[PDB]
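> The structure is given below, and queries will be raised subsequently.
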Amino acid sequence: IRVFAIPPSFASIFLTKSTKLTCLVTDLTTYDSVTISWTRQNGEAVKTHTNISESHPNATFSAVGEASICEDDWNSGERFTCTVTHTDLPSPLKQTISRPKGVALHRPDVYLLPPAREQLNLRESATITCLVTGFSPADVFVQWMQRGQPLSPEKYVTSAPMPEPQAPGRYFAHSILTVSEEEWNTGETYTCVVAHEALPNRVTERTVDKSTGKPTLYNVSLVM
Amino acid sequence: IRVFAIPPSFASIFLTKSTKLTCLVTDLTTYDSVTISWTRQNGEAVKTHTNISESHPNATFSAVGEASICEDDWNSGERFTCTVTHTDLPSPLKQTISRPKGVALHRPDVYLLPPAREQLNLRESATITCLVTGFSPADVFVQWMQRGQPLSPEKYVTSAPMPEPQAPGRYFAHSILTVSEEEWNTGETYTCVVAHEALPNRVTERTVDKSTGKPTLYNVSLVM
Amino acid sequence: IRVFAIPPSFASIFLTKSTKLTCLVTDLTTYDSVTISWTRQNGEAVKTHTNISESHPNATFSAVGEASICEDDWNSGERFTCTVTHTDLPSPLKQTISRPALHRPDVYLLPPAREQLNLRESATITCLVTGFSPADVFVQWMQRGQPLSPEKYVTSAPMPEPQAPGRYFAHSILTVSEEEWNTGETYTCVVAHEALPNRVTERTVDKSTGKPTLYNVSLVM
Ligand SMILES: *[C@@H]1O[C@H](CO)[C@@H](O)[C@H](O)[C@H]1NC(C)=O
Ligand SMILES: *[C@@H]1O[C@H](CO)[C@@H](O)[C@H](O)[C@H]1NC(C)=O
Ligand SMILES: *[C@@H]1O[C@H](CO)[C@@H](O)[C@H](O)[C@H]1NC(C)=O
């Protein structure tokens with residue numbers, strides 16, 4: 001008898017802008033016509049929690065409860081409660097979840113690092129790493145665009161926010177993208193956008209192409 | 001007694017992120033006891049309002065109503081209805097606002113333009129000019145940010161979007177920022193963010209500095 | 001019960017060089033048998049106003065008065081008056097108009113951004129007209145001497161300048177293909193504004209406005 005609550009984080013909002021919060025019911029015996037509800041602080045009602053899933057063939061419990069909310073009732077501090085009643089535990093169970101205010105917010109420095117000359121001199125495939133350093137709290141959304149056209153998410157891989165070594169309560173994350181290096185010899189655009197809550201407009205874009213940190217070599221200084 | 005619907009445009013529900021619909025009435029007698037009621041299509045209860053304007057000099061009056069809603073509720077077009085009831089009206093007066101759907105969407109190709117070499121010869125004050133072209137519908141937002149932090153909202157002037165010459169349904173707007181010749185000749189990178197309802201993260205940005213017209217491989221100088 | 005005129009602007013003089021006075025009536029309920037009378041300050045007669053107007057489509061009336069007066073009395077302030085004699089009024093009403101600091105624009109053209117000459121399909125040249133007062137410059141665009149069509153450029157209105165107190169700015173964009181602008185193509189923009197001494201300024205940009213003309217560096221393989 002556990003009831004968990006999976007909330008929507010910044011990666012889940014910003015990918016969709018359609019905040020849906022999920023109440024997970026697990027650890028019972030396999031009974032049908034489950035009774036769950038999603039309620040506010042003031043006891044009202046929401047969208048129905050359709051798309052019930054299958055149960056478990058290892059005989060644990062499976063029920064989800066969704067509700068589509070819009071964002072300001074999730075940030076202002078309204079607690080959202082999933083209520084659970086059934087045949088095993090027919091007593092009213094309350095699982096409350098909200099957004100836990102009381103944490104700082106610093107802005108992510110983003111550096112997009114171009115592929116190293118050891119990697120390119122094989123001429124097989126290059127990987128570009130967007131480094132999203134310095135920020136707090138967690139839950140950043142890193143995604144990649146190839147000149148105003150979002151790349152397929154089978155291609156990049158974002159890390160998880162692991163806490164920074166020398167910085168106190170901050171984080172970092174990474175996101176690598178494997179370009180075929182034949183596409184990097186034309187060297188098009190490759191911008192990395194990073195959606196955090198502490199930015200001014202909440203979206204930062206950095207870009208790197210084949211000639212970005214290249215210094216000037218041929219300093220011709222003719223004098224007369 | 002004329003009524004005016006001022007629906008929040010995309011500029012207004014982007015720069016505050018606090019969608020806030022308002023409606024006004026002019027040509028009204030200078031008497032107290034205003035009621036301006038907002039409602040939905042189904043008829044729930046909305047936020048109240050205060051801060052009613054003072055008298056007109058021409059023995060007339062104007063009253064104002066402010067509320068707050070959700071953004072998906074705008075994009076769903078629940079035509080919110082504001083009704084005037086007073087001790088000087090003969091009849092109920094009303095307006096129904098919505099989202100005017102039935103429109104295309106198009107991407108603003110921002111281009112940031114660095115000042116004319118004629119103007120960095122007089123040596124007082126440049127004018128950097130973000131050109132925001134190609135979009136549809138109207139109502140783009142442009143904001144200038146120098147080194148993360150935003151510049152003062154009266155050091156730059158966005159125009160109003162005007163229909164582009166050959167392409168029919170598209171528009172263009174401009175925005176100019178004035179710097180002096182000492183701020184430009186250090187470089188400062190001067191970002192120009194463009195907020196528009198057809199961009200994937202709804203915020204794009206460009207940047208220029210005085211080393212952008214350079215060819216940055218050769219530094220061909222010339223001394224005397 | 002009002003009458004508003006359409007006085008000549010600088011764009012109304014300079015585009016046509018056939019300056020004219022026009023005035024329309026409003027808030028008057030619809031009727032017929034109206035007379036509008038264009039009349040000078042000292043009362044002498046004018047060009048005979050013709051081309052009678054129609055009713056308003058909002059249950060009211062409009063009426064038009066035409067005239068063609070040359071520039072010396074308009075630039076000095078002949079307070080031109082268009083009298084309405086209606087049926088709503090047995091009191092005929094005289095509505096006068098007039099032509100009421102002077103700085104000069106600094107036209108700078110700006111050649112298209114190098115981000116735009118990678119698409120190779122459109123380029124936008126942008127005649128920035130900053131500094132002037134009063135409003136309503138007339139900007140137009142001449143290509144190789146012969147003036148370009150009025151459907152290949154736009155121009156905003158004046159909009160008051162950010163830091164300057166009572167001075168304006170304007171803009172005008174002219175769209176060319178990349179094959180046009182990458183083959184020479186002088187593209188003069190000419191501002192027409194009264195506080196200029198000659199009353200016209202014109203400036204030019206081709207592709208080669210910036211290479212420094214002593215040296216000429218190339219990058220060969
Ligand atoms: C490039 O040449 C200029 C021309 O005199 C010289 O002053 C400068 O030191 C050189 N820069 C570098 C990085 O070598
Ligand atoms: C580039 O050339 C300028 C021109 O004098 C010179 O002052 C500067 O030091 C040079 N810089 C580099 C990085 O080559
Ligand atoms: C320099 O001049 C030569 C001949 O006039 C020409 O071939 C070359 O293209 C010029 N340089 C550039 C960058 O166009």
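Letters A, B, ... go to the chains of the structure tokens in the order shown; residues in each chain start at 1; ligands are counted from 1 in the same order.
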Any idea which chain B residues end up within 6 Å of chain A if we count only C-alpha atoms, as a short mmCIF file (atom, residue, chain, number, x, y, z; two decimals) with N, CA, C and O atoms, in the first residue's frame please?


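And here's part.cif as it stands now:
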data_model
loop_
_atom_site.label_atom_id
_atom_site.label_comp_id
_atom_site.auth_asym_id
_atom_site.auth_seq_id
_atom_site.Cartn_x
_atom_site.Cartn_y
_atom_site.Cartn_z
N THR B 216 38.22 37.94 -39.95
CA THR B 216 38.68 37.15 -38.79
C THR B 216 39.55 35.94 -39.07
O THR B 216 39.82 35.16 -38.16
N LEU B 217 40.04 35.80 -40.29
CA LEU B 217 41.16 34.94 -40.59
C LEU B 217 42.40 35.77 -40.84
O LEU B 217 43.41 35.54 -40.18
N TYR B 218 42.31 36.79 -41.68
CA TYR B 218 43.39 37.72 -41.94
C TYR B 218 43.15 39.05 -41.28
O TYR B 218 42.06 39.57 -41.31
N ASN B 219 44.15 39.58 -40.64
CA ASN B 219 44.06 40.92 -40.10
C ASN B 219 44.91 41.90 -40.90
O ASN B 219 45.83 42.48 -40.36
N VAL B 220 44.60 42.12 -42.17
CA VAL B 220 45.43 42.95 -43.05
C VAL B 220 45.36 44.40 -42.61
O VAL B 220 44.33 45.05 -42.75
N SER B 221 46.42 44.88 -42.02
CA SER B 221 46.47 46.21 -41.50
C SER B 221 47.12 47.08 -42.54
O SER B 221 47.36 46.63 -43.65
N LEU B 222 47.35 48.35 -42.19
CA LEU B 222 47.99 49.34 -43.07
C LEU B 222 48.36 50.56 -42.26
O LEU B 222 47.48 51.30 -41.82
N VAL B 223 49.66 50.81 -42.10
CA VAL B 223 50.19 51.88 -41.27
C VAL B 223 50.75 52.93 -42.21
O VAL B 223 50.74 52.75 -43.43
N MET B 224 51.18 54.06 -41.66
CA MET B 224 51.85 55.09 -42.43
C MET B 224 53.18 55.46 -41.79
O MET B 224 54.03 56.08 -42.43
#

> Please identify all polymer residues within 8 Å of residue A:125, counting only C-alpha atoms, omitting same-chain residues fewer than 2 positions from it, and present them as a PyMOL selection string.

chain A and resi 119-120+123+127+178-182

> Write the residues of the preceding selection, restricted to C-alpha atoms, as a CSV table (one decimal), in the first residue's frame.


chain,number,residue,atom,x,y,z
A,119,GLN,CA,38.1,13.0,-32.7
A,120,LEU,CA,37.9,14.7,-36.1
A,123,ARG,CA,36.9,11.4,-39.8
A,127,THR,CA,30.2,14.8,-30.8
A,178,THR,CA,26.7,13.0,-32.4
A,179,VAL,CA,27.0,14.7,-35.7
A,180,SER,CA,28.3,12.8,-38.7
A,181,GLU,CA,31.5,14.6,-39.2
A,182,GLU,CA,30.8,14.9,-43.0

> Point out the residue among B:52, B:67, B:104, B:128 with the least atom-to-atom distance to chain C, counting only C-alpha atoms.

B:128

> As a count of residues only, could you give me every residue of chain C near chain B (at most 7 Å apart, counting only C-alpha atoms)?

9

> What residues have any atom no more than 6 Å from ligand 3 when counting only C-alpha atoms and all ligand atoms, and can you list them as a list in words?

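Answer in the requested format: residues 216, 217 and 218 of chain C.
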
> Could you turn the residues from that selection into a file that holds N, CA and C atoms, as a PDB file, in the first residue's frame?


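Below is the file that was written, selection_35.pdb:
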ATOM      1  N   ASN C 216      43.676  44.717 -51.230  1.00  0.00           N
ATOM      2  CA  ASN C 216      42.628  43.856 -51.714  1.00  0.00           C
ATOM      3  C   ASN C 216      43.039  42.421 -51.431  1.00  0.00           C
ATOM      4  N   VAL C 217      42.642  41.895 -50.275  1.00  0.00           N
ATOM      5  CA  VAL C 217      43.137  40.592 -49.837  1.00  0.00           C
ATOM      6  C   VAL C 217      42.309  39.468 -50.422  1.00  0.00           C
ATOM      7  N   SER C 218      42.952  38.384 -50.791  1.00  0.00           N
ATOM      8  CA  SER C 218      42.230  37.276 -51.356  1.00  0.00           C
ATOM      9  C   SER C 218      42.711  36.020 -50.684  1.00  0.00           C
TER      10      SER C 218
END

> Residues of stretch 11-212 of chain A in helix (DSSP H, G or I) according to DSSP, as a ChimeraX atom specification?

/A:11-16,72-75,117-120,181-186

> Just need chain B moved onto chain A: least-squares over all Cα atoms matched in order, then output as an mmCIF file with C-alpha atoms, in the first residue's frame.


data_model
loop_
_atom_site.group_PDB
_atom_site.id
_atom_site.type_symbol
_atom_site.label_atom_id
_atom_site.label_comp_id
_atom_site.auth_asym_id
_atom_site.auth_seq_id
_atom_site.Cartn_x
_atom_site.Cartn_y
_atom_site.Cartn_z
ATOM 1 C CA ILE B 1 -0.225 -0.765 -2.488
ATOM 2 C CA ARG B 2 2.375 1.980 -2.840
ATOM 3 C CA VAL B 3 1.545 5.444 -4.176
ATOM 4 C CA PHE B 4 3.872 7.624 -6.256
ATOM 5 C CA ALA B 5 3.628 11.357 -6.880
ATOM 6 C CA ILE B 6 5.349 12.337 -10.102
ATOM 7 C CA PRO B 7 5.070 16.132 -10.152
ATOM 8 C CA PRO B 8 5.833 17.837 -13.454
ATOM 9 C CA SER B 9 9.313 19.312 -13.329
ATOM 10 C CA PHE B 10 10.292 22.465 -15.212
ATOM 11 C CA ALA B 11 11.554 20.321 -18.084
ATOM 12 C CA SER B 12 8.073 18.771 -18.366
ATOM 13 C CA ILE B 13 6.074 22.005 -18.071
ATOM 14 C CA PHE B 14 8.381 23.650 -20.565
ATOM 15 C CA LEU B 15 8.661 21.114 -23.372
ATOM 16 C CA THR B 16 4.886 20.619 -23.747
ATOM 17 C CA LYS B 17 3.586 23.908 -22.165
ATOM 18 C CA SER B 18 0.546 21.895 -21.036
ATOM 19 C CA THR B 19 1.049 21.407 -17.260
ATOM 20 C CA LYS B 20 -0.279 17.972 -16.535
ATOM 21 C CA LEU B 21 0.051 16.430 -13.103
ATOM 22 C CA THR B 22 -0.083 12.658 -12.707
ATOM 23 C CA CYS B 23 0.021 10.073 -9.943
ATOM 24 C CA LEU B 24 0.572 6.311 -9.985
ATOM 25 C CA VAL B 25 0.076 3.322 -7.673
ATOM 26 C CA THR B 26 2.044 0.064 -7.666
ATOM 27 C CA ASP B 27 2.045 -3.059 -5.453
ATOM 28 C CA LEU B 28 -1.676 -3.370 -6.236
ATOM 29 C CA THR B 29 -3.825 -6.383 -7.072
ATOM 30 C CA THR B 30 -4.646 -7.046 -10.733
ATOM 31 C CA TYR B 31 -8.350 -6.120 -10.502
ATOM 32 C CA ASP B 32 -10.371 -3.590 -12.492
ATOM 33 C CA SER B 33 -12.459 -0.624 -11.204
ATOM 34 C CA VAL B 34 -9.742 1.931 -10.467
ATOM 35 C CA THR B 35 -10.487 5.316 -8.916
ATOM 36 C CA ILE B 36 -7.660 7.842 -8.570
ATOM 37 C CA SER B 37 -9.114 11.246 -7.670
ATOM 38 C CA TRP B 38 -7.227 14.504 -7.990
ATOM 39 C CA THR B 39 -8.395 17.443 -5.914
ATOM 40 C CA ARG B 40 -7.277 20.889 -4.827
ATOM 41 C CA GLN B 41 -6.805 22.218 -1.330
ATOM 42 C CA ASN B 42 -10.424 23.412 -1.216
ATOM 43 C CA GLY B 43 -11.963 20.452 -3.036
ATOM 44 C CA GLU B 44 -13.256 21.308 -6.488
ATOM 45 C CA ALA B 45 -13.590 18.825 -9.341
ATOM 46 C CA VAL B 46 -10.771 18.070 -11.761
ATOM 47 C CA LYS B 47 -10.236 16.297 -15.060
ATOM 48 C CA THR B 48 -11.006 12.586 -15.305
ATOM 49 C CA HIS B 49 -8.536 10.035 -16.602
ATOM 50 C CA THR B 50 -8.115 6.856 -18.642
ATOM 51 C CA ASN B 51 -5.248 4.772 -20.162
ATOM 52 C CA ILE B 52 -4.756 2.513 -17.135
ATOM 53 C CA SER B 53 -1.758 0.188 -17.400
ATOM 54 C CA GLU B 54 -1.866 -3.567 -17.954
ATOM 55 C CA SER B 55 -1.017 -6.230 -15.404
ATOM 56 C CA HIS B 56 2.380 -6.839 -13.859
ATOM 57 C CA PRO B 57 4.000 -10.196 -14.702
ATOM 58 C CA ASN B 58 4.437 -10.861 -10.969
ATOM 59 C CA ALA B 59 0.626 -10.996 -10.352
ATOM 60 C CA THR B 60 0.621 -7.297 -9.407
ATOM 61 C CA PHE B 61 -0.828 -4.109 -10.941
ATOM 62 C CA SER B 62 -0.287 -0.367 -11.362
ATOM 63 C CA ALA B 63 -2.866 2.373 -11.937
ATOM 64 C CA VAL B 64 -2.384 5.896 -13.258
ATOM 65 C CA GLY B 65 -4.167 9.233 -13.125
ATOM 66 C CA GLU B 66 -3.727 12.246 -15.437
ATOM 67 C CA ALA B 67 -5.230 15.747 -15.081
ATOM 68 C CA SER B 68 -4.386 19.295 -16.164
ATOM 69 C CA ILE B 69 -4.093 22.548 -14.191
ATOM 70 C CA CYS B 70 -2.706 26.075 -14.564
ATOM 71 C CA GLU B 71 0.919 27.176 -14.142
ATOM 72 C CA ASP B 72 0.218 29.951 -11.613
ATOM 73 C CA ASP B 73 -1.691 27.327 -9.624
ATOM 74 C CA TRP B 74 1.525 25.337 -9.363
ATOM 75 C CA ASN B 75 3.594 28.372 -8.405
ATOM 76 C CA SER B 76 0.968 29.217 -5.753
ATOM 77 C CA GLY B 77 1.428 25.787 -4.181
ATOM 78 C CA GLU B 78 -2.184 24.625 -3.911
ATOM 79 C CA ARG B 79 -1.142 21.139 -2.817
ATOM 80 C CA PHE B 80 -3.115 18.887 -5.136
ATOM 81 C CA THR B 81 -4.185 15.666 -3.465
ATOM 82 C CA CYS B 82 -4.696 12.338 -5.217
ATOM 83 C CA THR B 83 -6.673 9.649 -3.370
ATOM 84 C CA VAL B 84 -7.078 5.945 -4.181
ATOM 85 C CA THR B 85 -10.382 4.143 -3.583
ATOM 86 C CA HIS B 86 -10.815 0.625 -4.903
ATOM 87 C CA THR B 87 -12.319 -2.794 -4.240
ATOM 88 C CA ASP B 88 -9.050 -3.961 -2.615
ATOM 89 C CA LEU B 89 -7.939 -1.167 -0.277
ATOM 90 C CA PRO B 90 -8.576 -1.228 3.482
ATOM 91 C CA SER B 91 -8.295 2.541 3.903
ATOM 92 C CA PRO B 92 -8.004 5.785 1.884
ATOM 93 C CA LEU B 93 -4.537 6.407 0.430
ATOM 94 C CA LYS B 94 -3.303 9.891 -0.411
ATOM 95 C CA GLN B 95 -0.494 12.205 -1.546
ATOM 96 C CA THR B 96 -0.274 16.016 -1.546
ATOM 97 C CA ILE B 97 2.035 17.669 -4.085
ATOM 98 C CA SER B 98 2.947 21.344 -4.359
ATOM 99 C CA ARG B 99 5.781 23.649 -5.375
ATOM 100 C CA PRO B 100 8.650 23.204 -2.911
ATOM 101 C CA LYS B 101 9.247 26.886 -2.181
ATOM 102 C CA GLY B 102 12.118 28.099 -0.067
ATOM 103 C CA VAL B 103 14.804 28.062 -2.780
ATOM 104 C CA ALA B 104 17.232 30.488 -4.388
ATOM 105 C CA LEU B 105 17.304 31.403 -8.050
ATOM 106 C CA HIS B 106 20.397 31.605 -10.206
ATOM 107 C CA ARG B 107 21.291 32.082 -13.862
ATOM 108 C CA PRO B 108 22.729 29.280 -15.969
ATOM 109 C CA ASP B 109 25.729 30.628 -17.865
ATOM 110 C CA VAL B 110 25.477 28.417 -20.921
ATOM 111 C CA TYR B 111 28.720 27.848 -22.779
ATOM 112 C CA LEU B 112 28.810 25.941 -26.013
ATOM 113 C CA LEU B 113 31.943 23.936 -26.596
ATOM 114 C CA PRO B 114 33.274 22.935 -30.012
ATOM 115 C CA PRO B 115 34.847 19.543 -30.603
ATOM 116 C CA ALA B 116 38.425 18.580 -29.901
ATOM 117 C CA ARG B 117 40.871 18.877 -32.775
ATOM 118 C CA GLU B 118 41.880 15.287 -32.017
ATOM 119 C CA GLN B 119 38.335 14.251 -32.947
ATOM 120 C CA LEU B 120 38.276 16.249 -36.153
ATOM 121 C CA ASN B 121 41.348 14.261 -37.187
ATOM 122 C CA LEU B 122 39.862 10.786 -36.942
ATOM 123 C CA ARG B 123 37.216 12.266 -39.300
ATOM 124 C CA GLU B 124 34.042 10.485 -38.388
ATOM 125 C CA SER B 125 31.945 12.120 -35.674
ATOM 126 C CA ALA B 126 32.343 15.211 -33.517
ATOM 127 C CA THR B 127 30.612 15.902 -30.195
ATOM 128 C CA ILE B 128 29.476 19.435 -29.405
ATOM 129 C CA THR B 129 28.879 19.950 -25.726
ATOM 130 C CA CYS B 130 26.661 22.594 -24.171
ATOM 131 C CA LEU B 131 27.718 23.177 -20.566
ATOM 132 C CA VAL B 132 24.935 24.691 -18.450
ATOM 133 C CA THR B 133 26.553 25.894 -15.244
ATOM 134 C CA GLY B 134 25.716 27.893 -12.197
ATOM 135 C CA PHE B 135 22.021 27.510 -11.691
ATOM 136 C CA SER B 136 19.786 26.694 -8.754
ATOM 137 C CA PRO B 137 17.388 24.872 -8.243
ATOM 138 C CA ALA B 138 17.671 21.709 -10.315
ATOM 139 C CA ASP B 139 15.458 20.772 -13.286
ATOM 140 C CA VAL B 140 16.921 22.632 -16.254
ATOM 141 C CA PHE B 141 15.882 21.805 -19.816
ATOM 142 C CA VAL B 142 18.285 21.768 -22.781
ATOM 143 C CA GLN B 143 17.281 21.456 -26.417
ATOM 144 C CA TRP B 144 19.300 21.580 -29.599
ATOM 145 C CA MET B 145 18.095 23.459 -32.666
ATOM 146 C CA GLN B 146 19.990 23.583 -35.964
ATOM 147 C CA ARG B 147 18.898 26.505 -38.198
ATOM 148 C CA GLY B 148 15.649 27.302 -36.410
ATOM 149 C CA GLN B 149 14.211 23.809 -36.705
ATOM 150 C CA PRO B 150 14.902 21.439 -33.796
ATOM 151 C CA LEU B 151 17.081 18.361 -34.049
ATOM 152 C CA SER B 152 15.714 14.950 -33.186
ATOM 153 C CA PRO B 153 15.195 14.468 -29.443
ATOM 154 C CA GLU B 154 17.446 11.426 -29.544
ATOM 155 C CA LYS B 155 20.551 12.935 -31.079
ATOM 156 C CA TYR B 156 21.518 14.685 -27.825
ATOM 157 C CA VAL B 157 21.826 13.642 -24.168
ATOM 158 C CA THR B 158 21.401 15.972 -21.208
ATOM 159 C CA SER B 159 22.816 14.613 -17.966
ATOM 160 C CA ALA B 160 21.239 15.116 -14.655
ATOM 161 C CA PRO B 161 22.184 18.190 -12.625
ATOM 162 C CA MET B 162 24.929 17.551 -10.105
ATOM 163 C CA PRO B 163 26.143 19.809 -7.273
ATOM 164 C CA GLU B 164 29.058 21.978 -8.330
ATOM 165 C CA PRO B 165 32.403 21.329 -6.477
ATOM 166 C CA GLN B 166 33.105 24.498 -4.497
ATOM 167 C CA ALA B 167 29.945 26.594 -4.820
ATOM 168 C CA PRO B 168 27.400 25.027 -2.476
ATOM 169 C CA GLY B 169 23.848 25.496 -3.652
ATOM 170 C CA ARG B 170 24.478 25.589 -7.376
ATOM 171 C CA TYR B 171 24.512 22.868 -10.018
ATOM 172 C CA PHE B 172 25.770 22.057 -13.518
ATOM 173 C CA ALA B 173 24.455 19.930 -16.304
ATOM 174 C CA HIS B 174 25.896 18.935 -19.621
ATOM 175 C CA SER B 175 24.376 18.083 -22.930
ATOM 176 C CA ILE B 176 26.170 16.587 -25.879
ATOM 177 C CA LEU B 177 25.098 16.496 -29.505
ATOM 178 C CA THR B 178 26.744 14.182 -32.013
ATOM 179 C CA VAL B 179 27.402 15.470 -35.520
ATOM 180 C CA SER B 180 29.609 13.927 -38.169
ATOM 181 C CA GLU B 181 32.681 15.645 -39.506
ATOM 182 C CA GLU B 182 30.947 16.695 -42.718
ATOM 183 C CA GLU B 183 28.160 18.559 -40.890
ATOM 184 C CA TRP B 184 30.629 20.440 -38.749
ATOM 185 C CA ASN B 185 32.972 21.488 -41.572
ATOM 186 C CA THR B 186 30.248 23.484 -43.324
ATOM 187 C CA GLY B 187 29.199 25.208 -40.124
ATOM 188 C CA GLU B 188 25.409 25.091 -39.533
ATOM 189 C CA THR B 189 25.545 27.290 -36.353
ATOM 190 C CA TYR B 190 24.000 24.622 -34.014
ATOM 191 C CA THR B 191 21.932 26.461 -31.357
ATOM 192 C CA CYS B 192 21.621 25.153 -27.761
ATOM 193 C CA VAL B 193 18.610 26.516 -25.848
ATOM 194 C CA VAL B 194 18.466 26.379 -22.087
ATOM 195 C CA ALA B 195 15.126 26.639 -20.374
ATOM 196 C CA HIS B 196 15.292 27.535 -16.726
ATOM 197 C CA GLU B 197 13.145 29.166 -14.016
ATOM 198 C CA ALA B 198 15.526 31.972 -13.182
ATOM 199 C CA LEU B 199 16.107 33.507 -16.576
ATOM 200 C CA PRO B 200 14.136 36.607 -17.557
ATOM 201 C CA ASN B 201 12.409 35.239 -20.641
ATOM 202 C CA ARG B 202 13.052 31.681 -19.355
ATOM 203 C CA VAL B 203 14.906 30.703 -22.579
ATOM 204 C CA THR B 204 18.510 31.561 -23.370
ATOM 205 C CA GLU B 205 20.555 30.264 -26.245
ATOM 206 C CA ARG B 206 24.062 30.121 -27.646
ATOM 207 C CA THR B 207 25.461 29.138 -31.014
ATOM 208 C CA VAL B 208 28.770 27.881 -32.370
ATOM 209 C CA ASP B 209 30.097 27.185 -35.849
ATOM 210 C CA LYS B 210 33.526 26.094 -36.983
ATOM 211 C CA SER B 211 34.560 29.683 -37.586
ATOM 212 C CA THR B 212 34.357 30.595 -33.903
ATOM 213 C CA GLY B 213 37.925 29.781 -32.867
ATOM 214 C CA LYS B 214 39.196 31.951 -35.692
ATOM 215 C CA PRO B 215 40.678 35.416 -34.978
ATOM 216 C CA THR B 216 38.680 36.831 -37.943
ATOM 217 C CA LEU B 217 40.787 39.915 -38.489
ATOM 218 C CA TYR B 218 43.847 38.163 -39.925
ATOM 219 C CA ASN B 219 43.671 35.089 -42.057
ATOM 220 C CA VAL B 220 47.335 34.012 -41.744
ATOM 221 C CA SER B 221 47.599 31.023 -44.020
ATOM 222 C CA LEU B 222 50.566 28.767 -44.814
ATOM 223 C CA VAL B 223 51.028 26.772 -48.026
ATOM 224 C CA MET B 224 53.772 24.408 -49.188
#

> For stretch 178-180 of chain C, list every protein, DNA or RNA residue within 6 Å, evaluated using only C-alpha atoms, and leave out those in the same chain fewer than 6 positions away; present the list as a list in words.

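What passes the distance filter is residues 120, 121 and 122 of chain C.
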
> Restrict the selected residues to N, CA, C and O atoms and save them as a PDB file, in the first residue's frame.


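Writing the result to result_27.pdb gives the following:
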ATOM      1  N   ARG C 120      20.389  33.745 -50.178  1.00  0.00           N
ATOM      2  CA  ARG C 120      20.524  34.075 -51.603  1.00  0.00           C
ATOM      3  C   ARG C 120      19.183  34.156 -52.320  1.00  0.00           C
ATOM      4  O   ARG C 120      19.065  33.792 -53.489  1.00  0.00           O
ATOM      5  N   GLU C 121      18.158  34.616 -51.622  1.00  0.00           N
ATOM      6  CA  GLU C 121      16.835  34.646 -52.220  1.00  0.00           C
ATOM      7  C   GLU C 121      16.093  35.947 -51.959  1.00  0.00           C
ATOM      8  O   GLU C 121      15.122  36.244 -52.661  1.00  0.00           O
ATOM      9  N   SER C 122      16.527  36.740 -50.982  1.00  0.00           N
ATOM     10  CA  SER C 122      15.957  38.058 -50.734  1.00  0.00           C
ATOM     11  C   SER C 122      16.953  38.851 -49.913  1.00  0.00           C
ATOM     12  O   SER C 122      17.659  38.274 -49.089  1.00  0.00           O
TER      13      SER C 122
END

> Enter the distance from atom CA of residue C:23 to atom CA of residue C:157, in Å, rounded to one decimal.

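Atom-to-atom, atom CA of residue C:23 to atom CA of residue C:157, that is 22.3 Å.
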